[PDB]
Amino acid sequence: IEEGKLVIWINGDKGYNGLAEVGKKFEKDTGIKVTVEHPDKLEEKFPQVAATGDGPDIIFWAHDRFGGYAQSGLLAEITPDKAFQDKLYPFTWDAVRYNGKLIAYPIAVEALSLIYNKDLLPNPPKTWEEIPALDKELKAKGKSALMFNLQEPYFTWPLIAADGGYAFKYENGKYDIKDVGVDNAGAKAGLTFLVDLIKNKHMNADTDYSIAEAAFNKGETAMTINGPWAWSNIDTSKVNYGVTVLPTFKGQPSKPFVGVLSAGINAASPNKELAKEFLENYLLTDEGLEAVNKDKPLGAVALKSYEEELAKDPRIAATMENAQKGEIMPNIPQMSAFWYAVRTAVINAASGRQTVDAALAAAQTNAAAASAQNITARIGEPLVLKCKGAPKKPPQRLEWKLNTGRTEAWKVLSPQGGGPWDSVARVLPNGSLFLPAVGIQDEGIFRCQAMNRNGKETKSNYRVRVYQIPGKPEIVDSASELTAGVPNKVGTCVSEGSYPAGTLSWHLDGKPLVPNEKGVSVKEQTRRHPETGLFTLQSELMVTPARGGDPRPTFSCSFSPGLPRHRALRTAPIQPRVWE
């Protein structure tokens, strides 16, 4: 991370151009450049890059992700004074408190609403149950009733929760991580209703954010479900729209999750004071929030003064009506596992590949499962796993067990005794498990239970994966002269010795080179060595140079692992020439 500037990550559905305008004002006053980026999957990328001390100085996301980041030590504790805190609503600060510490600045409160086309549907439906009949009416007129994003569980949750579904039970000021409400009767009822809509062709399981937005904004469907960030595109489309309370289900309100868009500071940032100045004195002001809100609406902002100014907007009132029928998202680390579990359940049930009951049963199990620490190790290198709670020397009451490619199911280990397991995984004096040289067959789960004389029990739970770095990639079978107007084989990139497979990518003039566009094609193959299990990849690049184009291209190929266990590897560049 570069000292003396600010890099900000925010999702691509938010007002990033407006935020960049706030950054320009900061730059005018301070000379400090503010770069706003909107990477894909930034909420998954952040914990990867920040864990190694890289990433943005500031990350924006709803507050639900932040407990996990904080637990991993990826966030700086913020230091607003009490006078600053008093400028924002107390419930918004609660959303960004983790283990007693403020770990992000709250920006705005979001909830989904029903958005409807007033020219098609003057009185929007009060119930989910009336939507099939409404769709039949509209289909007869060449339209449809409802389209919304069915790929992300955020959008389907309000219906799943209505009749009794919940994420984690809240009681005594705490979430019970084992009391999950994903496969109860209420969740099943809601998801069954959704799936029936799809079975009856009132909705399509493939509908995503872009498809639903396009259909609504072109006047093809009478309703959608979306948040405040979507309003600006509807304004542009000129559709005469209203924003209103979500339909009820079985007579009960839909319960959207309430998200607080929040800004965290990277623990690894050398620019923490600049970040504080930007967030407190530039962004969290009437003029700062206005700039962002004018780009894509924020909802009900956390800053009291500006929230009061905008409160008269009936779309914001509807957002708050819906929010106040729903639940605040927990910020606990287990929220990630909950969302992944429910995403899978909804996709599998909606596609018909699994019953609602079976999909939700699996999701329940996954969401409530004990957390495991992800461990990675390079093939051939040693690995040490701590038995938390064990005394530093014997006697120790502990038990290691594992479930890997070397075992059928669970194997319980014993103290060293000369048996063959001792050369693969053995218990050290301090109770740790030592694997002298990991291999592919060691991937799996490793667990320790340590018991103390006072009755204390401590469990350690590890999910172990391994990797190998291939040799530097090479380009072979390359053609140094290219002919415009016909396909030319630039060469074949080859990488040998990876685990897992990884992928090869081509680049032209220091930018990625995209297949099937502008006369580019790639033929790829993967081979696995029968004994070692390591992978060899090939990627053959064809290009059709355009006549009059740049006759001096520079190509290169790189290998990347799926997860960043190591850096990309690159070939030397090649510089074939286009000759007439």
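Sequential numbering from 1, following the sequence displayed.
Comparing the deposited coordinates for 473-481 and 434-442, the stretch with the larger average C-alpha B-factor is 473-481.
Legend: mean Cα B-factor per stretch from the PDB entry, 338-346 versus 97-105; the higher mean is in 97-105. Ranking 425, 383, 412, 369 by the C-alpha B-factor listed in the PDB entry places 369 at the top. Within the selection 294, 397, 463, 325, the deposited Cα B-factor values reach their highest point at 294. Annotation for residue 61: CA B-factor lies in the lowest third of the chain's modelled residues. Looking at the C-alpha B-factors along this chain, the one for residue 311 belongs to the highest third. Ranked by Cα temperature factor within the chain, residue 211 sits in the middle third according to the deposited record. In the PDB entry, residue 268 places in the highest third of its chain by CA B-factor. Ranked by Cα temperature factor within the chain, residue 388 sits in the middle third according to the deposited record.
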